[PDB]
Amino acid sequence: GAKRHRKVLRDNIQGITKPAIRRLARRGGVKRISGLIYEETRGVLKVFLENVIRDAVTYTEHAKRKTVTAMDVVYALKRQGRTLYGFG
Amino acid sequence: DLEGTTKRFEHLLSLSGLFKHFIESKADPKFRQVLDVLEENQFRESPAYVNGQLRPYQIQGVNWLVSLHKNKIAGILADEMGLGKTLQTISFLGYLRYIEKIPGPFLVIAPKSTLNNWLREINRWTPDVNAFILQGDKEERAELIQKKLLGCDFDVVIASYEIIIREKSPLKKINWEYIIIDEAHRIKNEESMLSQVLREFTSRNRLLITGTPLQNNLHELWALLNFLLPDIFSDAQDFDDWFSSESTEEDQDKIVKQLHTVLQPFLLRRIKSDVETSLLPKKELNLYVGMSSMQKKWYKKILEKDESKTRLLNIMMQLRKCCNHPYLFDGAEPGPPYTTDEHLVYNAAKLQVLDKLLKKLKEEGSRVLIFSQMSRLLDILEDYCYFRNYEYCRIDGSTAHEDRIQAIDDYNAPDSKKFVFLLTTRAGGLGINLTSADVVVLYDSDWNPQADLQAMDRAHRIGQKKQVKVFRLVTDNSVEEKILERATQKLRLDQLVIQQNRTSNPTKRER
Amino acid sequence: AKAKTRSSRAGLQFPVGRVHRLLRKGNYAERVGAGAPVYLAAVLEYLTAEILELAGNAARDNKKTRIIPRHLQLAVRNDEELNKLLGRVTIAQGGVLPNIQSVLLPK
Amino acid sequence: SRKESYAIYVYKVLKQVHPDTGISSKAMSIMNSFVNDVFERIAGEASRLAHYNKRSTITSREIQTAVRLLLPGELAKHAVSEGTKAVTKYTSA
Amino acid sequence: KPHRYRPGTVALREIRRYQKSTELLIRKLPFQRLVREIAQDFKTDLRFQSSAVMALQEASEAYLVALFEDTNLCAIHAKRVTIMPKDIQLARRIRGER
Ligand SMILES: Nc1ncnc2c1ncn2[C@@H]1O[C@H](COP(=O)(O)OP(=O)(O)O)[C@@H](O)[C@H]1O
Ligand code: BEF
Ligand SMILES: [Mg+2]
């Protein structure tokens, strides 16, 4: 018994896994990796994310919706001067 | 093909002139060429190659089945569940094996929980047929492919819902005799991927089988029906507006007779109540219990959005889980040691009545089955089963293949002390027999009443030697009340026609 | 007379009437010259072909018949002019130019 | 709903350069993506210059200079010719 | 005796693989819930488009990718072959991103 509560430890941010991280680094061209990188990366990626996400959400309400659109986030990207092609 | 197509109409056109009407209602290939020329111009002894006795309706179904074969027309063995319809099929496969002497390639499909039973019953009754449980891994399925399946060293093959989709390509190259489809409920959706994998195989006959008939709609009815004889209908909305949904506008309820008259000589229903074979009905009680006062805090916290700062993207399920069990909301159990005691049954609305009924049924010797929707909730029941120290076996969605068999065997073992039996709803009760059990209880209600009917009759089949005492759990003053009423709504829109078919901040700068 | 498209009149392929409308609703000025929709529209053809021709070249170098963003990624990023032009452009699914650092090469 | 885009014209130009090469759809969307961008960047740049000299109407003088401002080096050099050739062709035609 | 490669030869092989590959390296299910996690601190209870859900990753990766290769430049200049966070932070500071 007492197994209904045995796995409550998700805490999303590790969901970006070390194998992927190195897989990411391997595509980038890094040959060998410190172990503290993985965690430090988690910080860099997240802090990146909301700033757009904030801006990305920042649009949504102004047009009085409740469902985030790619075009919305498309504009979100442009404002910081990193433009993307391919989602209209 | 066309000779059979002419020969199919030899039996199709012998019915009412409605088939000519449907052929002439197409808005047309050369089916008219063979229609115009026609327009202007056994084994009732329970054959003993089986090892046992066939029931009288069983023979009739088989004789009805052999007629469809001799007619070269298709159909659906729609006999009510637990009427030994597996024996009817096993006898029918013997009918082809011995009378016509064509032991050939056969394909049968069963839910994951049920592949054991069909192999078990085929061995018990007609041991002369080569069948496999096509289970195992990607490599473990391969040596079945090249060695025996590619070697044509078999008669029937027993696979699951997904395996055939996993094995579509190695199965196309083998032409079949029937595609035997048990519990044909995934086919209700045309876009259900299993439908597009089955319209691609080439078998001379296509024997669809079910435990319950159509669930909700006429659209669904010809969804089963369109794959039966596809070259004949080849139409989707043509069939629908032809019958116009039980006269949804005029409510004549007399054009339904035309629906019944085509399907009565095209399809077969038998019910348990008519030919008992068990001579004992089942009881039903709906244990309306009040929703627990302790969780009333969180239930209000869900209604008023008071615990906080989470999703409510499906308020349906959120209230459903609170209607089901409070500790499911990730914090209703505050204990860092996660105490396991009477507080669980205390804080829960249902388990108090469950604890009472478990104590009663323990003394009465009632061998109970429990069905539920949430596998996570079953963990708590598994924990609470540990609290009461009952023997049992937990089958859940994707536990194992051999574990399903062994847990079933231990529960159905003679004089099995496994007093309770944890089981899911959509993974557990789709064809297995549990005659060792008598009483079956639902923890929660499902938005599919025929599935509710499908699940309940697990213990109430041929071989049930006690009175089936159903105790459905419905929460008082809850949203579960509306689901059951809606469950009744979908029930009565369907039962009414089926019964006719059989009969006929500011200034705070950080700086 | 006989209707004759301006793009034909310039001997161009790009729809100038579309843009003169678009310039008109684009609120870039309250009045707009006539050859400006024209003037840009041809140069529009120039760069697409310029990239498309590069897109064709790389497409051949893997011996495919249909152009993909990886090709597009390769082409522009292989072009120092385009890459300088599109430095703030990131390409969907485009991938990266294969390039390993000299010191990562083994002795 | 109606949606207007640039695929057909891009498709025509491709068959000008590579009359045999095919094309995906996503990359075509990229092309639609790309064209609109440079479409935008020139125009507002074109607008603000007319603002800088306080004029009210945008002609090729406006368009060309920003093309020189926007395109680097050889593209600007070559494309101005591409612009220059068409304009005279239009005025003559 | 086991045939183990010299450490790094595998990595150079890996480095090659992905530099021709073009696909994502981040699992979708972990990925989107991250965003669904994040949205709460701005507005409760939004509803995401997969296209948007997809579109996040490309920026997510492309950003982090360009980070890596710059960070790779660091240890080389720092006469290393193993990357340190001090490299990573350094670029972002050189990127002027702290
Ligand atoms: N004529 C018969 N003779 C002996 N046993 C039967 C007969 N009909 C049904 N049974 C028993 O009743 C049970 C019903 O199982 P099955 O035939 O699989 O029904 P279903 O196919 O509807 O699930 C079987 O285990 C079978 O042994
Ligand atoms: F009645 Be059968 F087991 F589906
Ligand atoms: Mg049966």
# chains A, B, ... in the order shown; residues from 1 in each chain; ligands from 1

$ residues_near_ligand --ligand "ligand 1" --cutoff "10 Å" --atoms "only C-alpha atoms and all ligand atoms" --output "PyMOL selection string"
chain B and resi 46+51-59+78-91+114+117-118+120-121+124-125+182-183+209-211+277-278+430-435+457-458+460-464

$ write_last_selection --atoms "N, CA and C atoms" --output "short mmCIF file (atom, residue, chain, number, x, y, z; two decimals), in the first residue's frame"
data_model
loop_
_atom_site.label_atom_id
_atom_site.label_comp_id
_atom_site.auth_asym_id
_atom_site.auth_seq_id
_atom_site.Cartn_x
_atom_site.Cartn_y
_atom_site.Cartn_z
N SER B 46 -26.43 -30.15 -33.95
CA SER B 46 -25.29 -29.89 -33.07
C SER B 46 -24.13 -30.81 -33.45
N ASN B 51 -16.66 -30.77 -29.20
CA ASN B 51 -16.58 -31.66 -28.05
C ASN B 51 -17.48 -31.08 -26.96
N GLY B 52 -18.75 -31.45 -27.00
CA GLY B 52 -19.72 -30.96 -26.05
C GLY B 52 -21.10 -30.95 -26.67
N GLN B 53 -21.96 -30.10 -26.10
CA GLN B 53 -23.32 -29.93 -26.60
C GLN B 53 -23.53 -28.47 -26.98
N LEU B 54 -24.19 -28.25 -28.11
CA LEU B 54 -24.55 -26.92 -28.55
C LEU B 54 -25.94 -26.58 -28.04
N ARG B 55 -26.14 -25.32 -27.66
CA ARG B 55 -27.45 -24.93 -27.19
C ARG B 55 -28.38 -24.71 -28.39
N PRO B 56 -29.70 -24.82 -28.19
CA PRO B 56 -30.61 -24.78 -29.35
C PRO B 56 -30.51 -23.49 -30.15
N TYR B 57 -30.47 -22.34 -29.48
CA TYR B 57 -30.28 -21.09 -30.20
C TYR B 57 -28.89 -21.01 -30.81
N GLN B 58 -27.90 -21.64 -30.18
CA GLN B 58 -26.55 -21.66 -30.74
C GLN B 58 -26.55 -22.31 -32.12
N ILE B 59 -27.24 -23.44 -32.24
CA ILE B 59 -27.34 -24.12 -33.53
C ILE B 59 -28.06 -23.23 -34.53
N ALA B 78 -25.17 -10.63 -33.48
CA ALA B 78 -25.51 -9.63 -32.48
C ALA B 78 -26.17 -10.21 -31.23
N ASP B 79 -26.02 -11.52 -31.00
CA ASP B 79 -26.67 -12.13 -29.85
C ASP B 79 -26.17 -11.51 -28.55
N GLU B 80 -27.07 -11.37 -27.59
CA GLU B 80 -26.75 -10.69 -26.33
C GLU B 80 -25.60 -11.41 -25.64
N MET B 81 -24.81 -10.65 -24.89
CA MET B 81 -23.51 -11.13 -24.42
C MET B 81 -23.67 -12.29 -23.44
N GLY B 82 -22.66 -13.16 -23.43
CA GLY B 82 -22.65 -14.28 -22.51
C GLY B 82 -23.61 -15.39 -22.86
N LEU B 83 -24.02 -15.49 -24.12
CA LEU B 83 -24.87 -16.57 -24.59
C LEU B 83 -24.07 -17.64 -25.33
N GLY B 84 -22.81 -17.83 -24.93
CA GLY B 84 -21.99 -18.84 -25.56
C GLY B 84 -21.76 -18.62 -27.03
N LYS B 85 -21.78 -17.36 -27.48
CA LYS B 85 -21.61 -17.09 -28.90
C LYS B 85 -20.23 -17.52 -29.38
N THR B 86 -19.25 -17.62 -28.48
CA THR B 86 -17.95 -18.16 -28.85
C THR B 86 -18.07 -19.61 -29.30
N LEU B 87 -18.90 -20.39 -28.61
CA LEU B 87 -19.15 -21.76 -29.04
C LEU B 87 -19.81 -21.79 -30.41
N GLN B 88 -20.73 -20.86 -30.65
CA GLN B 88 -21.37 -20.77 -31.96
C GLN B 88 -20.33 -20.57 -33.06
N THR B 89 -19.37 -19.67 -32.82
CA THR B 89 -18.29 -19.45 -33.78
C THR B 89 -17.40 -20.68 -33.89
N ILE B 90 -17.04 -21.27 -32.75
CA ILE B 90 -16.14 -22.42 -32.77
C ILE B 90 -16.81 -23.61 -33.46
N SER B 91 -18.12 -23.76 -33.26
CA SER B 91 -18.87 -24.73 -34.04
C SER B 91 -18.93 -24.34 -35.51
N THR B 114 -8.70 -10.31 -23.68
CA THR B 114 -9.52 -11.45 -24.05
C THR B 114 -8.86 -12.42 -25.03
N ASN B 117 -8.91 -16.08 -23.80
CA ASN B 117 -10.15 -16.85 -23.76
C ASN B 117 -10.41 -17.56 -25.08
N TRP B 118 -10.26 -16.84 -26.19
CA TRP B 118 -10.58 -17.42 -27.49
C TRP B 118 -9.63 -18.56 -27.85
N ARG B 120 -8.14 -20.29 -25.54
CA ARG B 120 -8.46 -21.31 -24.56
C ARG B 120 -9.69 -22.11 -24.97
N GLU B 121 -10.72 -21.42 -25.49
CA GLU B 121 -11.96 -22.12 -25.85
C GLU B 121 -11.81 -22.90 -27.15
N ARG B 124 -10.23 -26.14 -26.14
CA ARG B 124 -11.15 -26.97 -25.37
C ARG B 124 -12.15 -27.70 -26.26
N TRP B 125 -12.59 -27.07 -27.34
CA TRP B 125 -13.73 -27.55 -28.11
C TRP B 125 -13.35 -28.16 -29.45
N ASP B 182 -14.57 -9.52 -32.84
CA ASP B 182 -15.29 -9.53 -31.57
C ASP B 182 -15.30 -8.14 -30.95
N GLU B 183 -16.39 -7.84 -30.24
CA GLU B 183 -16.57 -6.55 -29.57
C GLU B 183 -16.31 -5.39 -30.53
N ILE B 209 -18.85 -9.27 -35.17
CA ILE B 209 -19.47 -9.78 -33.95
C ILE B 209 -19.47 -8.66 -32.91
N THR B 210 -20.48 -8.68 -32.04
CA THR B 210 -20.58 -7.70 -30.96
C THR B 210 -21.26 -8.33 -29.75
N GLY B 211 -21.16 -7.63 -28.62
CA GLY B 211 -21.88 -7.98 -27.41
C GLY B 211 -23.09 -7.08 -27.23
N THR B 277 -30.56 -20.11 -20.16
CA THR B 277 -29.32 -20.88 -20.09
C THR B 277 -28.66 -20.68 -18.73
N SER B 278 -29.26 -19.81 -17.91
CA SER B 278 -28.85 -19.57 -16.54
C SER B 278 -30.03 -19.54 -15.57
N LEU B 430 -14.51 -6.34 -21.49
CA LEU B 430 -14.90 -6.36 -22.90
C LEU B 430 -14.86 -7.78 -23.46
N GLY B 431 -15.38 -8.74 -22.69
CA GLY B 431 -15.52 -10.09 -23.21
C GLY B 431 -15.13 -11.22 -22.27
N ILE B 432 -14.44 -10.91 -21.17
CA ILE B 432 -14.00 -11.95 -20.25
C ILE B 432 -15.19 -12.46 -19.44
N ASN B 433 -15.07 -13.70 -18.97
CA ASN B 433 -16.11 -14.34 -18.18
C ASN B 433 -15.62 -14.50 -16.74
N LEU B 434 -16.46 -14.10 -15.79
CA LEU B 434 -16.12 -14.11 -14.38
C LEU B 434 -17.25 -14.74 -13.58
N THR B 435 -17.71 -15.91 -14.04
CA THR B 435 -18.82 -16.60 -13.40
C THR B 435 -18.52 -16.99 -11.96
N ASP B 457 -22.45 -7.15 -17.10
CA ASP B 457 -22.74 -8.55 -17.36
C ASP B 457 -21.50 -9.42 -17.34
N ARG B 458 -20.41 -8.95 -16.72
CA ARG B 458 -19.20 -9.75 -16.64
C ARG B 458 -19.45 -11.06 -15.91
N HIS B 460 -22.64 -12.08 -14.94
CA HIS B 460 -23.97 -12.60 -15.26
C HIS B 460 -24.00 -13.16 -16.68
N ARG B 461 -23.44 -14.36 -16.83
CA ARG B 461 -23.39 -15.03 -18.12
C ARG B 461 -23.78 -16.49 -17.92
N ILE B 462 -23.54 -17.31 -18.94
CA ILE B 462 -23.64 -18.75 -18.76
C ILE B 462 -22.55 -19.21 -17.81
N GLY B 463 -22.94 -19.96 -16.78
CA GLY B 463 -22.03 -20.40 -15.74
C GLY B 463 -22.14 -19.64 -14.44
N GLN B 464 -23.02 -18.65 -14.35
CA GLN B 464 -23.23 -17.90 -13.11
C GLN B 464 -24.23 -18.66 -12.26
#

$ closest_atom_pairs --of "region 39-73 of chain A" --to "region 51-61 of chain E" --cutoff "9 Å" --atoms "only C-alpha atoms" --output "JSON lines"
{"residue": "A:45", "atom": "CA", "partner": "E:60", "partner_atom": "CA", "distance": 7.0}
{"residue": "A:48", "atom": "CA", "partner": "E:60", "partner_atom": "CA", "distance": 8.0}
{"residue": "A:49", "atom": "CA", "partner": "E:60", "partner_atom": "CA", "distance": 7.4}
{"residue": "A:68", "atom": "CA", "partner": "E:52", "partner_atom": "CA", "distance": 7.1}
{"residue": "A:69", "atom": "CA", "partner": "E:52", "partner_atom": "CA", "distance": 5.7}
{"residue": "A:70", "atom": "CA", "partner": "E:52", "partner_atom": "CA", "distance": 3.9}
{"residue": "A:71", "atom": "CA", "partner": "E:52", "partner_atom": "CA", "distance": 7.7}
{"residue": "A:72", "atom": "CA", "partner": "E:52", "partner_atom": "CA", "distance": 8.2}
{"residue": "A:73", "atom": "CA", "partner": "E:52", "partner_atom": "CA", "distance": 6.7}

$ interface_residues --of "chain A" --to "chain B" --cutoff "9 Å" --atoms "only C-alpha atoms" --output "ChimeraX atom specification"
/A:1-5,8

$ select_by_dssp --residues "region 8-103 of chain C" --states "alpha helix (DSSP H)" --output "VMD selection string"
chain C and resid 8 to 9 16 to 25 35 to 61 69 to 78 80 to 85

$ residues_around --residues "region 69-71 of chain B" --least-positions-apart "2" --cutoff "9 Å" --atoms "only C-alpha atoms" --output "list in words"
residues 7, 8, 9, 10, 11, 12, 64, 65, 66, 67, 73, 74 and 205 of chain B

$ write_last_selection --atoms "N, CA and C atoms" --output "mmCIF file, in the first residue's frame"
data_model
loop_
_atom_site.group_PDB
_atom_site.id
_atom_site.type_symbol
_atom_site.label_atom_id
_atom_site.label_comp_id
_atom_site.auth_asym_id
_atom_site.auth_seq_id
_atom_site.Cartn_x
_atom_site.Cartn_y
_atom_site.Cartn_z
ATOM 1 N N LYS B 7 -25.084 -13.486 -57.543
ATOM 2 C CA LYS B 7 -25.518 -14.534 -56.624
ATOM 3 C C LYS B 7 -25.875 -13.969 -55.254
ATOM 4 N N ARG B 8 -25.239 -12.869 -54.844
ATOM 5 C CA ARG B 8 -25.676 -12.178 -53.630
ATOM 6 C C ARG B 8 -27.094 -11.648 -53.785
ATOM 7 N N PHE B 9 -27.366 -10.948 -54.890
ATOM 8 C CA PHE B 9 -28.718 -10.466 -55.146
ATOM 9 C C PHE B 9 -29.724 -11.595 -55.273
ATOM 10 N N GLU B 10 -29.277 -12.819 -55.579
ATOM 11 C CA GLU B 10 -30.204 -13.946 -55.561
ATOM 12 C C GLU B 10 -30.868 -14.083 -54.198
ATOM 13 N N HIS B 11 -30.144 -13.756 -53.127
ATOM 14 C CA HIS B 11 -30.708 -13.712 -51.785
ATOM 15 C C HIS B 11 -31.094 -12.309 -51.344
ATOM 16 N N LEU B 12 -30.402 -11.285 -51.844
ATOM 17 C CA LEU B 12 -30.731 -9.914 -51.474
ATOM 18 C C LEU B 12 -32.058 -9.477 -52.082
ATOM 19 N N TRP B 64 -28.155 -20.176 -39.069
ATOM 20 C CA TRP B 64 -28.332 -18.870 -39.680
ATOM 21 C C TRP B 64 -27.027 -18.391 -40.299
ATOM 22 N N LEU B 65 -25.904 -18.647 -39.621
ATOM 23 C CA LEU B 65 -24.605 -18.278 -40.176
ATOM 24 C C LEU B 65 -24.278 -19.082 -41.432
ATOM 25 N N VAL B 66 -24.560 -20.388 -41.433
ATOM 26 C CA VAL B 66 -24.221 -21.175 -42.617
ATOM 27 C C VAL B 66 -25.105 -20.765 -43.790
ATOM 28 N N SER B 67 -26.329 -20.303 -43.510
ATOM 29 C CA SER B 67 -27.192 -19.784 -44.566
ATOM 30 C C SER B 67 -26.593 -18.544 -45.209
ATOM 31 N N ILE B 73 -23.946 -13.843 -48.339
ATOM 32 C CA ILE B 73 -24.253 -12.524 -47.817
ATOM 33 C C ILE B 73 -23.625 -12.413 -46.432
ATOM 34 N N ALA B 74 -23.443 -11.173 -45.985
ATOM 35 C CA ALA B 74 -22.750 -10.871 -44.744
ATOM 36 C C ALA B 74 -23.756 -10.652 -43.618
ATOM 37 N N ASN B 205 -15.591 -13.655 -46.840
ATOM 38 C CA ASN B 205 -16.658 -13.248 -45.942
ATOM 39 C C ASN B 205 -16.070 -12.428 -44.807
#

$ residues_around --residues "residue 160 (chain B)" --least-positions-apart "3" --cutoff "7 Å" --atoms "only C-alpha atoms" --output "PyMOL selection string"
chain B and resi 109-112+163-164

$ atom_distance --atom1 "CA of residue 442 (chain B)" --atom2 "CA of residue 6 (chain A)"
25.7 Å

$ select_by_dssp --residues "chain A" --states "strand (DSSP E or B)" --output "PyMOL selection string"
chain A and resi 32-33+67-68+83-85

$ residues_around --residues "region 86-90 of chain C" --least-positions-apart "3" --cutoff "7 Å" --atoms "only C-alpha atoms" --output "VMD selection string"
(chain A and resid 81 to 85) or (chain C and resid 82 to 83)

$ residues_around --residues "region 56-64 of chain C" --least-positions-apart "2" --cutoff "10 Å" --atoms "only C-alpha atoms" --output "list in words"
residues 49, 50, 51, 52, 53, 54, 66, 67, 68, 70, 71, 72, 73, 74, 75 and 78 of chain C; 14, 17, 18, 20, 21, 22 and 23 of chain D
